[PDB]
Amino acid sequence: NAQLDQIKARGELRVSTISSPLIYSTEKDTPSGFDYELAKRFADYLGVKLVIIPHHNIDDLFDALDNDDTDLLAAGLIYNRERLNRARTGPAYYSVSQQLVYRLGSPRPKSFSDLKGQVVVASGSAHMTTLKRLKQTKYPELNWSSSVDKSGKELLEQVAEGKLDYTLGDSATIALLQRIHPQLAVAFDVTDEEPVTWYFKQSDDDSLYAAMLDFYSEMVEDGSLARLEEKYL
């Protein structure tokens, strides 16, 4: 049978995520996050239980999606053309800018020419693509690396604790973490707004994908998706 039939027979919609106040947070009894809330409503729409699996590594998320270990990715993921070989994006929900973060009390960098330490980002993130682009063009001196086991949220926490000098994160996540870690500061903006979307496996089977688009249509219809977006942004 088709993808949706299998989901219905499992009685569960398997969604892979990353822990963050914007995506999926369990810092108290009731979980929260935009991706979590939208995924719950989607599971309800399909008539199945939601099964969330938070990961740390984006490359792993895409491998799971390709291996049918999960049904969709809902993890604050920025559009990345390299992911289209095996995956397809759902509709765009909101946009975020990429910002370079440093810790208050330490020197404020003025540009990528002025960094003292390394900038570390999450492996497979769109943040990584941006750094590669800049190093091959305007900043040959740029010292950067990728973290295989830390998320953008965990990387921001490291900057806050003084264990990492800088990270390149998204504007929405930075804003939320700042209310818990006021020592996090923006040195400068790096990119203009980029859209966030869910990802699904590319297949000739649209039993799930078409349902996702039907669900999205219903959500937009009375301005309900806008309200939800604005609540977390």
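The first residue of the shown sequence is 1; numbering continues from there.
* Could you check which stretch, 110 to 118 or 124 to 132, carries the larger mean CA temperature factor in the entry? => Per the PDB record, 110 to 118.
* If you average the Cα B factors in the entry, which is higher, 148 to 156 or 135 to 143? -> Per the PDB entry, the higher value belongs to 135 to 143.
* Using the temperature factors in the entry, find which of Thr197, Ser207, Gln178, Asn57 has the highest value at its Cα atom. => By C-alpha B-factor in the record, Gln178 ranks first.
* Looking at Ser203, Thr70, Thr167, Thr26, which has the highest Cα B-factor in the entry? -> The C-alpha B-factor peaks, among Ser203, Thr70, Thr167, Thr26, at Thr26.
* To do: Give the position of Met212 by CA B-factor within its chain, expressed as the lowest, middle or highest third.
  => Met212: CA B-factor falls in the lowest third of its chain.
* Asked: For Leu104, does the deposited CA B-factor place it in the lowest, middle or highest third of the chain?
  -> Ranked within chain, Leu104 CA B lands in the highest tercile.
* To do: Rank-wise, by C-alpha B-factor, drop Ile53 into the lowest, middle or highest third of its chain.
  => Top third by C-alpha B-factor.
* To do: Please rank the C-alpha B-factors of the chain's modelled residues and tell me whether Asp66 sits in the lowest, middle or highest third.
  => Middle third - that is where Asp66 ends up once the chain's C-alpha B-factors are sorted.
* Asked: Within this chain, which third does the Cα B-factor at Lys163 fall in: lowest, middle or highest?
  -> Tercile = highest for this residue's CA B-factor.
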